[PDB]
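Before any comments, here is the structure.
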Amino acid sequence: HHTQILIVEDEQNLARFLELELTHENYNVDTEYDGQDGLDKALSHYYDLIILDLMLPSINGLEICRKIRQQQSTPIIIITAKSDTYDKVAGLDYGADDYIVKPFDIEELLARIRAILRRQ
Amino acid sequence: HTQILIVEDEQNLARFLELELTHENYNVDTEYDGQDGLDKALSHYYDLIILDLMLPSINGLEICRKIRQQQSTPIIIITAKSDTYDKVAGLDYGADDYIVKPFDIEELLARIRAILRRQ
Ligand code: BEF
Ligand code: BEF
Ligand SMILES: [Mg+2]
Ligand SMILES: [Mg+2]
């Protein structure tokens, strides 16, 4: 019984870093670097929480978020270099549970994962 | 739904949030002192509590711990403390979100909506 996380992120250094840091916290992690592959994975497997970058190949994160939310209430955290207030609001209103501006400290992401999953 | 408590000692900010939130059809109570805020939270029902960290009498992290000891009530921390250690502590002590000042009201309102989806 492991908590399952999907990361959709096209910057492969950060993607691997997040995978390693989350695996160290005893999460099971799947990663996708392409937006369509990430959506397809999110819809075909059960995750406990999904981490979504916004600028991705094929389709971008807000479309992924919308299409996941047509099917699932699965927690979503958006991570992105997009830091304007409107981008944050739009992402939360499309159903993301949190929204973190890059670059961030891993310990903050881990704390926010814990806080969201506490209420599941 | 509608009941919000704000514990914030910077009164210009508190009245702003109070008015903006009331404009959004929330019923807002506010307290400028940390002990009064904690007392209010434990004595009265709220749907969501907004906690500053740096307050007179008792600091917001301790308020958060004591509330979460007794209630499931959603908590958003708002604070000028931007350090990662403080974010991690606030979230681990029971806060559902943590916003660094300054922030735009539409962000707060969106995070309130998102947190109330979690119940
Ligand atoms: F490409 Be992600 F929005 F940083
Ligand atoms: F006084 Be609060 F922590 F900004
Ligand atoms: Mg990207
Ligand atoms: Mg203060």
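Identifiers for the structure tokens are assigned positionally: chains receive A, B, ... in sequence, residues are indexed from 1 per chain, and ligands are indexed from 1 in the order shown.
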
Practice task
Let me have all residues with an atom within 7 Å of ligand 4, counting only C-alpha atoms and all ligand atoms, laid out as a list in words.
Solution key: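 Result of the 7 Å neighbour search around ligand 4: residues 8, 9, 10, 52, 53, 54 and 55 of chain B.
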
Please write the residues from the selection above to a file, keeping N, CA, C and O atoms, as a PDB file, in the first residue's frame.
```pdb
ATOM      1  N   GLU B   8      -5.246  38.833  12.537  1.00  0.00           N
ATOM      2  CA  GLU B   8      -4.280  39.646  11.810  1.00  0.00           C
ATOM      3  C   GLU B   8      -4.164  40.961  12.564  1.00  0.00           C
ATOM      4  O   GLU B   8      -5.185  41.594  12.825  1.00  0.00           O
ATOM      5  N   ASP B   9      -2.942  41.346  12.930  1.00  0.00           N
ATOM      6  CA  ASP B   9      -2.740  42.559  13.740  1.00  0.00           C
ATOM      7  C   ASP B   9      -2.434  43.806  12.924  1.00  0.00           C
ATOM      8  O   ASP B   9      -2.356  44.898  13.504  1.00  0.00           O
ATOM      9  N   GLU B  10      -2.245  43.681  11.614  1.00  0.00           N
ATOM     10  CA  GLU B  10      -2.068  44.835  10.739  1.00  0.00           C
ATOM     11  C   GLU B  10      -3.467  45.252  10.297  1.00  0.00           C
ATOM     12  O   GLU B  10      -4.075  44.630   9.423  1.00  0.00           O
ATOM     13  N   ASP B  52      -2.488  35.042  10.618  1.00  0.00           N
ATOM     14  CA  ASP B  52      -1.176  35.642  10.528  1.00  0.00           C
ATOM     15  C   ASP B  52      -0.243  34.902  11.476  1.00  0.00           C
ATOM     16  O   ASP B  52      -0.689  34.179  12.369  1.00  0.00           O
ATOM     17  N   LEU B  53       1.065  35.057  11.271  1.00  0.00           N
ATOM     18  CA  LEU B  53       2.007  34.403  12.174  1.00  0.00           C
ATOM     19  C   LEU B  53       2.447  35.337  13.306  1.00  0.00           C
ATOM     20  O   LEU B  53       2.333  34.977  14.480  1.00  0.00           O
ATOM     21  N   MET B  54       2.920  36.533  12.969  1.00  0.00           N
ATOM     22  CA  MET B  54       3.479  37.472  13.945  1.00  0.00           C
ATOM     23  C   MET B  54       2.345  38.301  14.531  1.00  0.00           C
ATOM     24  O   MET B  54       1.840  39.236  13.902  1.00  0.00           O
ATOM     25  N   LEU B  55       1.948  37.934  15.742  1.00  0.00           N
ATOM     26  CA  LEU B  55       0.810  38.495  16.442  1.00  0.00           C
ATOM     27  C   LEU B  55       1.215  38.758  17.879  1.00  0.00           C
ATOM     28  O   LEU B  55       2.087  38.064  18.415  1.00  0.00           O
TER      29      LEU B  55
END
```

Problem - Contacts of stretch 36-42 of chain B at 12 Å (only C-alpha atoms; same-chain gap of 2+ positions) as a ChimeraX atom specification - result: /B:3-9,29-34,44-53,55-75

Residue selection dump (N, CA and C atoms) as a tab-separated table (two decimals), in the first residue's frame:
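Saved result, selection_10.tsv, follows:
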```tsv
chain	number	residue	atom	x	y	z
B	3	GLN	N	-18.59	31.21	7.00
B	3	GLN	CA	-18.07	31.80	8.24
B	3	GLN	C	-16.55	31.81	8.23
B	4	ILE	N	-15.95	33.00	8.27
B	4	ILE	CA	-14.50	33.15	8.29
B	4	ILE	C	-14.08	33.95	9.51
B	5	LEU	N	-13.01	33.48	10.14
B	5	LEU	CA	-12.25	34.23	11.14
B	5	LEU	C	-10.90	34.63	10.57
B	6	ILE	N	-10.53	35.87	10.82
B	6	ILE	CA	-9.22	36.40	10.45
B	6	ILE	C	-8.53	36.87	11.72
B	7	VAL	N	-7.33	36.36	11.95
B	7	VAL	CA	-6.48	36.81	13.06
B	7	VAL	C	-5.28	37.50	12.44
B	8	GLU	N	-5.25	38.83	12.54
B	8	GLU	CA	-4.28	39.65	11.81
B	8	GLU	C	-4.16	40.96	12.56
B	9	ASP	N	-2.94	41.35	12.93
B	9	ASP	CA	-2.74	42.56	13.74
B	9	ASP	C	-2.43	43.81	12.92
B	29	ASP	N	-15.57	37.43	10.97
B	29	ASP	CA	-15.11	37.96	12.25
B	29	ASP	C	-13.62	38.23	12.16
B	30	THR	N	-13.14	39.22	12.91
B	30	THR	CA	-11.72	39.53	12.96
B	30	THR	C	-11.28	39.81	14.39
B	31	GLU	N	-10.01	39.51	14.65
B	31	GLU	CA	-9.33	39.73	15.92
B	31	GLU	C	-7.91	40.20	15.61
B	32	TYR	N	-7.48	41.26	16.28
B	32	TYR	CA	-6.15	41.81	16.09
B	32	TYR	C	-5.12	41.26	17.08
B	33	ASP	N	-5.56	40.49	18.08
B	33	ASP	CA	-4.67	39.91	19.08
B	33	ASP	C	-4.70	38.40	18.99
B	34	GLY	N	-3.53	37.78	19.18
B	34	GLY	CA	-3.40	36.35	18.96
B	34	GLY	C	-4.21	35.54	19.95
B	44	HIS	N	-16.20	29.80	18.86
B	44	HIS	CA	-17.17	30.04	17.81
B	44	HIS	C	-16.85	29.16	16.62
B	45	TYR	N	-17.89	28.85	15.84
B	45	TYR	CA	-17.75	28.02	14.66
B	45	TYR	C	-17.28	28.87	13.49
B	46	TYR	N	-16.38	28.29	12.70
B	46	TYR	CA	-15.95	28.91	11.45
B	46	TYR	C	-15.79	27.82	10.41
B	47	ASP	N	-16.00	28.22	9.16
B	47	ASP	CA	-15.71	27.33	8.05
B	47	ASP	C	-14.24	27.37	7.67
B	48	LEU	N	-13.56	28.48	7.92
B	48	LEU	CA	-12.16	28.63	7.55
B	48	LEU	C	-11.57	29.77	8.36
B	49	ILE	N	-10.33	29.60	8.79
B	49	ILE	CA	-9.64	30.53	9.66
B	49	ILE	C	-8.39	30.98	8.94
B	50	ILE	N	-8.21	32.29	8.86
B	50	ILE	CA	-7.04	32.91	8.27
B	50	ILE	C	-6.16	33.41	9.41
B	51	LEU	N	-4.93	32.90	9.47
B	51	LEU	CA	-4.02	33.17	10.58
B	51	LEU	C	-2.75	33.85	10.10
B	52	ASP	N	-2.49	35.04	10.62
B	52	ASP	CA	-1.18	35.64	10.53
B	52	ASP	C	-0.24	34.90	11.48
B	53	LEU	N	1.07	35.06	11.27
B	53	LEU	CA	2.01	34.40	12.17
B	53	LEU	C	2.45	35.34	13.31
B	55	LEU	N	1.95	37.93	15.74
B	55	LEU	CA	0.81	38.50	16.44
B	55	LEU	C	1.22	38.76	17.88
B	56	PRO	N	0.58	39.72	18.54
B	56	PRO	CA	0.79	39.88	19.97
B	56	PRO	C	0.20	38.71	20.75
B	57	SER	N	0.76	38.50	21.95
B	57	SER	CA	0.26	37.53	22.92
B	57	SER	C	0.67	36.11	22.59
B	58	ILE	N	0.33	35.64	21.39
B	58	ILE	CA	0.59	34.26	21.01
B	58	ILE	C	0.71	34.18	19.50
B	59	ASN	N	1.75	33.49	19.03
B	59	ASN	CA	2.08	33.48	17.61
B	59	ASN	C	1.23	32.48	16.84
B	60	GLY	N	1.08	32.75	15.54
B	60	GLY	CA	0.11	32.01	14.72
B	60	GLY	C	0.41	30.53	14.59
B	61	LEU	N	1.67	30.14	14.72
B	61	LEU	CA	1.99	28.72	14.64
B	61	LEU	C	1.44	27.99	15.86
B	62	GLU	N	1.59	28.59	17.04
B	62	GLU	CA	1.01	28.01	18.24
B	62	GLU	C	-0.52	28.02	18.16
B	63	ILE	N	-1.11	29.11	17.67
B	63	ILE	CA	-2.56	29.13	17.44
B	63	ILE	C	-2.97	27.96	16.55
B	64	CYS	N	-2.25	27.77	15.45
B	64	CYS	CA	-2.55	26.69	14.52
B	64	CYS	C	-2.53	25.34	15.22
B	65	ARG	N	-1.45	25.07	15.97
B	65	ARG	CA	-1.37	23.81	16.70
B	65	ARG	C	-2.55	23.62	17.65
B	66	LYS	N	-2.90	24.67	18.41
B	66	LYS	CA	-3.95	24.50	19.41
B	66	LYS	C	-5.31	24.35	18.76
B	67	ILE	N	-5.56	25.06	17.65
B	67	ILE	CA	-6.81	24.84	16.93
B	67	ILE	C	-6.88	23.42	16.41
B	68	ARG	N	-5.81	22.97	15.73
B	68	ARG	CA	-5.86	21.69	15.05
B	68	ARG	C	-5.93	20.57	16.07
B	69	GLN	N	-5.48	20.84	17.29
B	69	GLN	CA	-5.64	19.87	18.36
B	69	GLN	C	-7.11	19.56	18.59
B	70	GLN	N	-7.98	20.57	18.48
B	70	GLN	CA	-9.39	20.45	18.84
B	70	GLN	C	-10.36	20.44	17.67
B	71	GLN	N	-9.98	20.92	16.48
B	71	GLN	CA	-10.91	21.07	15.37
B	71	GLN	C	-10.25	20.67	14.06
B	72	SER	N	-11.09	20.26	13.11
B	72	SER	CA	-10.71	19.98	11.72
B	72	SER	C	-10.74	21.22	10.83
B	73	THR	N	-11.14	22.36	11.39
B	73	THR	CA	-11.42	23.56	10.62
B	73	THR	C	-10.27	23.90	9.67
B	74	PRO	N	-10.55	24.13	8.38
B	74	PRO	CA	-9.50	24.64	7.47
B	74	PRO	C	-8.80	25.89	7.98
B	75	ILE	N	-7.50	25.96	7.73
B	75	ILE	CA	-6.65	27.08	8.12
B	75	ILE	C	-5.79	27.49	6.94
```

Practice task
Could you please write out, as a ChimeraX atom specification, every residue of chain B that DSSP assigns to alpha helix (DSSP H)?
Solution key: /B:11-23,34-43,60-70,84-92,105-116

Problem - Check: which chain A residues lie within 10 Å of chain B using only C-alpha atoms, as JSON, numbers by chain - result: {"A": [73, 75, 84, 85, 86, 87, 88, 89, 90, 91, 92, 93, 94, 95, 96, 97, 98, 99, 104, 105, 106, 107, 108, 109, 110, 111, 112, 113, 114, 115, 116, 117, 118, 119, 120]}

Practice task
Determine, counting only C-alpha atoms, which protein, DNA and RNA residues have an atom within 8 Å of an atom of residue A:54; residues of the same chain fewer than 5 positions away are not included. Present the result as a PyMOL selection string.
Solution key: chain A and resi 60-62+78-80

Dump of C-alpha atoms for the selected residues, as a PDB file, in the first residue's frame:
```pdb
ATOM      1  CA  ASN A  60      -0.307  22.265 -21.733  1.00  0.00           C
ATOM      2  CA  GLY A  61      -1.099  21.817 -18.068  1.00  0.00           C
ATOM      3  CA  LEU A  62      -4.388  23.682 -17.744  1.00  0.00           C
ATOM      4  CA  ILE A  78       0.508  22.777 -10.452  1.00  0.00           C
ATOM      5  CA  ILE A  79       4.201  23.687 -10.548  1.00  0.00           C
ATOM      6  CA  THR A  80       5.283  26.347 -13.006  1.00  0.00           C
TER       7      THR A  80
END
```

Practice task
May I have all residues of stretch 4-107 of chain A that DSSP, computed from the backbone, assigns to strand (DSSP E or B), given as a PyMOL selection string?
Solution key: chain A and resi 4-8+28-32+49-53+76-80+98-101

Exercise for the section: Mind giving me the straight-line distance from atom 3 (F, counted along the ligand's line) of ligand 1 to atom CA of residue A:57 in Å, one decimal? Expected result: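 Atom-to-atom, atom 3 (F, counted along the ligand's line) of ligand 1 to atom CA of residue A:57, that is 10.7 Å.
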
Handout entry: Protein and nucleic acid residues within 12 Å of ligand 3 (only C-alpha atoms and all ligand atoms) as number ranges by chain
Key = A: 7-15, 32-35, 51-61, 78-82, 102

For the selection you just gave me, I'd like the residues written to a file as an mmCIF file, in the first residue's frame, keeping N, CA and C atoms.
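Result went into selection-v8.cif, see below:
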```
data_model
loop_
_atom_site.group_PDB
_atom_site.id
_atom_site.type_symbol
_atom_site.label_atom_id
_atom_site.label_comp_id
_atom_site.auth_asym_id
_atom_site.auth_seq_id
_atom_site.Cartn_x
_atom_site.Cartn_y
_atom_site.Cartn_z
ATOM 1 N N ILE A 7 4.025 12.639 -11.951
ATOM 2 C CA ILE A 7 4.609 13.930 -12.263
ATOM 3 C C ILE A 7 4.629 14.108 -13.777
ATOM 4 N N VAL A 8 4.056 15.206 -14.265
ATOM 5 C CA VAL A 8 4.100 15.541 -15.678
ATOM 6 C C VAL A 8 4.923 16.814 -15.800
ATOM 7 N N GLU A 9 6.140 16.663 -16.335
ATOM 8 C CA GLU A 9 7.162 17.700 -16.287
ATOM 9 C C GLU A 9 8.147 17.441 -17.399
ATOM 10 N N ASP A 10 8.422 18.463 -18.216
ATOM 11 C CA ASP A 10 9.267 18.239 -19.382
ATOM 12 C C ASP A 10 10.717 18.637 -19.156
ATOM 13 N N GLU A 11 11.035 19.311 -18.058
ATOM 14 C CA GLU A 11 12.437 19.584 -17.729
ATOM 15 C C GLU A 11 12.944 18.351 -16.975
ATOM 16 N N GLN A 12 13.710 17.511 -17.675
ATOM 17 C CA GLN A 12 13.992 16.179 -17.173
ATOM 18 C C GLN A 12 14.879 16.195 -15.938
ATOM 19 N N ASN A 13 15.705 17.237 -15.736
ATOM 20 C CA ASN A 13 16.498 17.282 -14.511
ATOM 21 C C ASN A 13 15.589 17.413 -13.296
ATOM 22 N N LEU A 14 14.740 18.442 -13.298
ATOM 23 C CA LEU A 14 13.794 18.611 -12.200
ATOM 24 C C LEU A 14 12.888 17.387 -12.053
ATOM 25 N N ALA A 15 12.424 16.820 -13.170
ATOM 26 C CA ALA A 15 11.550 15.652 -13.074
ATOM 27 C C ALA A 15 12.224 14.517 -12.322
ATOM 28 N N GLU A 32 6.033 11.464 -16.628
ATOM 29 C CA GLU A 32 5.858 11.651 -18.064
ATOM 30 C C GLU A 32 6.384 13.027 -18.453
ATOM 31 N N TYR A 33 7.058 13.099 -19.594
ATOM 32 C CA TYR A 33 7.648 14.346 -20.054
ATOM 33 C C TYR A 33 6.805 15.034 -21.110
ATOM 34 N N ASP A 34 5.785 14.360 -21.625
ATOM 35 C CA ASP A 34 4.926 14.892 -22.662
ATOM 36 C C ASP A 34 3.524 15.074 -22.089
ATOM 37 N N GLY A 35 2.869 16.161 -22.504
ATOM 38 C CA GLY A 35 1.570 16.509 -21.939
ATOM 39 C C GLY A 35 0.479 15.521 -22.300
ATOM 40 N N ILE A 51 1.176 15.892 -9.991
ATOM 41 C CA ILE A 51 1.950 17.127 -10.086
ATOM 42 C C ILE A 51 2.056 17.471 -11.558
ATOM 43 N N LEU A 52 1.574 18.661 -11.923
ATOM 44 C CA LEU A 52 1.434 19.104 -13.304
ATOM 45 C C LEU A 52 2.211 20.382 -13.536
ATOM 46 N N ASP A 53 3.200 20.303 -14.417
ATOM 47 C CA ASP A 53 3.803 21.483 -15.026
ATOM 48 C C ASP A 53 2.792 22.096 -16.001
ATOM 49 N N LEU A 54 2.998 23.358 -16.348
ATOM 50 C CA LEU A 54 2.074 23.998 -17.274
ATOM 51 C C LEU A 54 2.567 24.013 -18.716
ATOM 52 N N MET A 55 3.794 24.431 -18.965
ATOM 53 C CA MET A 55 4.311 24.469 -20.328
ATOM 54 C C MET A 55 4.904 23.097 -20.652
ATOM 55 N N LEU A 56 4.195 22.333 -21.481
ATOM 56 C CA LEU A 56 4.533 20.963 -21.826
ATOM 57 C C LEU A 56 4.386 20.744 -23.324
ATOM 58 N N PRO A 57 5.090 19.765 -23.877
ATOM 59 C CA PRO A 57 4.826 19.373 -25.265
ATOM 60 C C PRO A 57 3.423 18.792 -25.439
ATOM 61 N N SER A 58 2.875 18.987 -26.650
ATOM 62 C CA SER A 58 1.613 18.392 -27.126
ATOM 63 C C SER A 58 0.374 19.067 -26.546
ATOM 64 N N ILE A 59 0.223 19.066 -25.222
ATOM 65 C CA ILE A 59 -0.824 19.854 -24.584
ATOM 66 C C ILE A 59 -0.288 20.407 -23.271
ATOM 67 N N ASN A 60 -0.793 21.574 -22.899
ATOM 68 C CA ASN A 60 -0.307 22.265 -21.733
ATOM 69 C C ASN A 60 -1.126 21.902 -20.490
ATOM 70 N N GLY A 61 -0.607 22.321 -19.344
ATOM 71 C CA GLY A 61 -1.099 21.817 -18.068
ATOM 72 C C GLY A 61 -2.531 22.169 -17.718
ATOM 73 N N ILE A 78 -0.163 22.184 -9.320
ATOM 74 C CA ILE A 78 0.508 22.777 -10.452
ATOM 75 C C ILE A 78 1.850 23.319 -9.971
ATOM 76 N N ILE A 79 2.907 23.024 -10.719
ATOM 77 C CA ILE A 79 4.201 23.687 -10.548
ATOM 78 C C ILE A 79 4.546 24.394 -11.851
ATOM 79 N N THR A 80 5.030 25.630 -11.761
ATOM 80 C CA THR A 80 5.283 26.347 -13.006
ATOM 81 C C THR A 80 6.127 27.590 -12.765
ATOM 82 N N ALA A 81 6.866 27.982 -13.804
ATOM 83 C CA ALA A 81 7.524 29.277 -13.763
ATOM 84 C C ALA A 81 6.549 30.436 -13.929
ATOM 85 N N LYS A 82 5.314 30.186 -14.356
ATOM 86 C CA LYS A 82 4.313 31.246 -14.494
ATOM 87 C C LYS A 82 3.834 31.714 -13.129
ATOM 88 N N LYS A 102 7.934 27.952 -9.631
ATOM 89 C CA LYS A 102 9.324 27.546 -9.783
ATOM 90 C C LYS A 102 10.253 28.758 -9.836
#
```

Exercise for the section: Could you tell me how far atom 3 (F, counted along the ligand's line) of ligand 2 lies from atom CA of residue B:11, in Å and to one decimal? Expected result: 12.7 Å

Problem - Non-local contacts of residue A:28 (7 Å; only C-alpha atoms; under 3 positions in same chain excluded) as a count of residues only - result: 5
